[PDB]
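Architecture at a glance
As a plain string of letters, each chain reads:
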Amino acid sequence: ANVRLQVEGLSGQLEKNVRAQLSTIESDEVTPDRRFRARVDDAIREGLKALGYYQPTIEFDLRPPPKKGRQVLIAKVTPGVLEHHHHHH
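Residues numbered from 1 in each chain as written, not as in the entry; some residues may be left out. Heavy atoms only, no water.

Attention now moves to the nonpolar core. Core analysis: the biggest nonpolar cluster contains 18 residues, and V40, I44 and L48 have the highest contact counts within it. For this core, the secondary-structure elements that each account for two or more residues are α1 (12-24), α2 (34-49), β2 (57-63) and β3 (72-78). Ignoring any residue separated from it by four or fewer positions in sequence, one finds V40 in contact with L5, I25, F60 and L73. (Core = buried A, V, L, I, M, F, W, Y, C linked by side-chain atoms within 4.5 Å. Buried < 20%, exposed > 50% of the residue type's maximum accessible area, 1.4 Å probe, protein only. Helix = DSSP H or I, 4+ residues; strand = E, 2+ residues; numbered from the N terminus. Contact = heavy atoms within 4.5 Å.)

With that out of the way, let us pick up unusual backbone geometry. In the Ramachandran plot, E29 falls in the positive-phi region, its phi being about 90° despite a non-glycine side chain. Looking at where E29 falls in the secondary structure, it is placed in the loop between α1 and α2. With a phi angle near 70°, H86 is a residue other than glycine that sits in the positive phi range. Inspection of the secondary structure puts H86 in the segment after β3. According to the relative accessible area criterion, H86 is exposed, its value standing at 80%.

Once that is clear, we can look at the layout of surface pockets. Taken as a whole, the largest pocket holds about 520 Å³ of empty space. Lining the largest pocket we find 20 residues, and of these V3, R4, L5, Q6 and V72 sit closest to its centre. Looking at the lining of the largest pocket, the elements that each hand over two or more residues are β1 (6-8) and α1. Sorting elements by how many residues they give to the lining of the largest pocket places α1 first, with three residues. Looking at the lining of the largest pocket residue by residue, the classes come out as seven nonpolar, six polar and seven charged. (1 Å grid on protein atoms, 1.4 Å probe; cavity = no way out; pocket = protein on both sides within 12 Å on 5 of 7 lines; lining within 4 Å. Points joined across faces, edges and corners; volume = space filled by probe spheres on them. Nonpolar A, V, L, I, M, F, W, Y, C, P; charged D, E, K, R; others polar.)

Structure, rendered in structure tokens:
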């Protein structure tokens, strides 16, 4: 039940979008494996792909023993280019 994937390398509507995906991820109490990892990347990359990114390299670091939950999975993004920055470089 207690599941909250951590995001890294986002801001504004980017970090918010990935957050939405983070919630839709299979982390709703499943078997995290090479396949789960992909579902996460696709999720972020998908939402990230619609907010200025195309295929941000997003890695992860799973930690079965979270601090305030049941299972935590870290997610760091690193694409390169972004569309419509406006401010905050």
